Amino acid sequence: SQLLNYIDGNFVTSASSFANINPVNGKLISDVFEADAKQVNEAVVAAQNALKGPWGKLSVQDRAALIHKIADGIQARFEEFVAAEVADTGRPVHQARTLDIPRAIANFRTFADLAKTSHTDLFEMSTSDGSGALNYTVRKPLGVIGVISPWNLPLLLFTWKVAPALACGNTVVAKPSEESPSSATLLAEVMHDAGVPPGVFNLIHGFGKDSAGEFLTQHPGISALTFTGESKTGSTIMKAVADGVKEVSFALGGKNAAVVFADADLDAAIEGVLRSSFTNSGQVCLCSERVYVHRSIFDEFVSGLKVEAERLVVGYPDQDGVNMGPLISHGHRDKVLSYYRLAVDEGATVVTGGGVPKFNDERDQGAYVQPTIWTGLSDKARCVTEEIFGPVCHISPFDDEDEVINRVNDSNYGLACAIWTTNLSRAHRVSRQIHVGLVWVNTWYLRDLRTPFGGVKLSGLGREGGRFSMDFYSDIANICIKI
């Protein structure tokens, strides 16, 4: 299989391809053509021009309707999309069918809907001559949106950015992860078949540094760069767009805590932390790699979680009650296994996991690791502080409400946090004191697409979601009429 770039309405190859690997079994699944600096410039110029074409002339309602057709296009090829994400990543067919693909569709539907309903402001004012003035605001396309997306939730995170971008009338140059190029390529076909004017959506394959990612980033023709990924990659990008003073939107992961209070529903919290630690094999930026549990229930909690964790099925995406697939890649497994060892060096008790499963088949050539639970490390340990991005969590006891708040907040990251308690006063009091963008109480990763989404400190900059996306992906202009 070969995955081409999509530039100015044409699928094109490059002067260099690269392997896309299935991490279930290490087998090559396709050659991906790597866009070069020339092709990137070509994509940007084409997106700039397309702003002055038919796309630019579309009414908000026709634009929305076309976006709903992009979404219809995905629905009609649903299983081809499921297959595509599964292949690239190893994610369980069930996850892909219920989480990834439906959310990608909902992204386009939600922001199309918003594009139609959203409105702006009127401000009246008095003036010395007694005639007054009117200020009104409008939202306009920001211009060319640069999109650089990660491998963990490929289509979901790709469309999270492309959808509001197009809904706001922008054009897009989008660079998916080298590891997960398939679903995006399919989207490009959907765009094309749906009659999205050429130059409106441009797909470019490649890597970061000295490759398509960097080139997009250094290109003066774009108006914004929105990115989800590694915090130091965010910092790099920010420096790159600085001379052009481009608008930036970053969601940059973290080291999230779950907190379980003594008055929690223990069984729900055990199940809740299982999901928050090991979903997508712990390759979500929202996952809890840190857990704090009240001393009075620490041992019981750890016990039940170990039990539930060892019940998880690690195998083929289509395997029966499968719960976990592999890591994205071998490189990523090597980093994760590297932390596995560091955890021991650091004094950790390994409650469960700590290595890789054994298959004695093709999967042994994959990139699987085991769900892991550590105990007994210091709050200052590297394993408790640095983001691992694997199916791992360290559990630690706490005694006081203010103590644990202080411990959750003592981090250079602050994306999300999950809190377990049945007490009303407690839930609201504690929630407002956690220094993150996103709190969940008695649940995790529940997403209403209208809400502001993002992080504090190293975990990001700006917010996306609902009107926050409508604002970020638009020029806000103020028009003042003297009367």
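Just count from 1 along the sequence shown to find any residue number.
Student: Quick one: say whether 308-316 or 267-275 has the higher mean Cα B-factor in the deposited entry.
Tutor: Stretch with the greater average CA B-factor: 308-316.
Student: Would 366-374 or 251-259 have the larger average of its C-alpha temperature factors, as given in the entry?
Tutor: Averaged over C-alpha atoms, the B-factors run higher in 366-374.
Student: Going by the CA temperature factor in the entry, name the top one among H294, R109, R97, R407.
Tutor: Largest recorded C-alpha B-factor: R97.
Student: Whose C-alpha has the highest temperature factor in the PDB entry: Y413, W160, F227, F359?
Tutor: Out of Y413, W160, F227, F359, the record gives the largest C-alpha B-factor to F359.
Student: Could you say whether, by C-alpha temperature factor, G454 belongs to the lowest, middle or highest third of its chain?
Tutor: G454: CA B-factor falls in the lowest third of its chain.
Student: Split the chain's modelled residues into thirds by Cα B-factor; is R139 in the lowest, middle or highest one?
Tutor: Its C-alpha B-factor, which the entry lists for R139, ranks in the lowest third among residues of this chain.
Student: Which third of the chain does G26 land in by C-alpha B-factor: lowest, middle or highest?
Tutor: Highest third, going by the recorded CA B-factors of the chain.
Student: Hey, what third does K52 fall into on Cα B-factor, ranked over its chain?
Tutor: Highest third of the chain for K52's C-alpha B-factor.
Student: Relative to the other modelled residues in the chain, which third contains the C-alpha temperature factor of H205: lowest, middle or highest?
Tutor: Tercile = middle for this residue's CA B-factor.
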